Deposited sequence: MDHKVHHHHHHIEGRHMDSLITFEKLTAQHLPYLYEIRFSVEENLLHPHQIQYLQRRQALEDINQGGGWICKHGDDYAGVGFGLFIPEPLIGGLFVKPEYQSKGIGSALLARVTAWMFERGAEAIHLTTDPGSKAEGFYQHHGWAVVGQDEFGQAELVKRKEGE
């Protein structure tokens, strides 16, 4: 069955696997640096992540960070999308951020991507564009 558990260092390979499985919100040049092992492990080790398994298959990953409160990543393999996994991960990360004391959470996403409407459906608002042309979204406590 589908399980959600805390994302830990041992999940590093599967974080990459899920992240590179998606067909929208592909990795952009300015984001390469955050996947280098030392930085990816630092992100995981903030403790704001969950990973979803379908049996022994890794299905989705979501993590929040304080660097600034941010959704560091939210990705579900295409074959597991539209089953509630992304919403379940986002809800866990969002609650974690607010319990840590965040007043607002930020994220960026490809403008007009399916993810943009998904976040808006969950109460996030587009507030502009960053220097890289990504849509900036905010959710307040």
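**Asked** Which parts of the deposited sequence lack C-alpha coordinates?
**Response** No C-alpha coordinates exist for 1 to 19, 87, 162 to 164.
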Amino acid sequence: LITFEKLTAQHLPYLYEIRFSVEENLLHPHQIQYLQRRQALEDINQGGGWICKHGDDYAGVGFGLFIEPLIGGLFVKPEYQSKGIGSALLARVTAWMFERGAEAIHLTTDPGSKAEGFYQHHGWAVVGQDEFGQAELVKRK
From here on, numbers count along this sequence of modelled residues.
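**Residue stretch of maximal mean CA temperature factor, 110 to 118 vs 36 to 44** = Averaging CA B-factors over each stretch, the winner is 110 to 118.
**Asked** In the PDB record, does 4 to 12 or 130 to 138 carry the higher mean Cα temperature factor?
**Response** It is 130 to 138 that shows the higher mean C-alpha B-factor.
**Asked** Looking at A104, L26, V93, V76, which has the highest Cα B-factor in the entry?
**Response** When the deposited C-alpha B-factors of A104, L26, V93, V76 are compared, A104 is largest.
**Asked** Which third of the chain does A59 land in by C-alpha B-factor: lowest, middle or highest?
**Response** CA B-factor rank for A59: middle third.
**Request:** Classify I51 as lowest, middle or highest third according to the C-alpha B-factor given in the PDB entry, relative to its own chain.
**Result:** CA B-factor rank for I51: lowest third.
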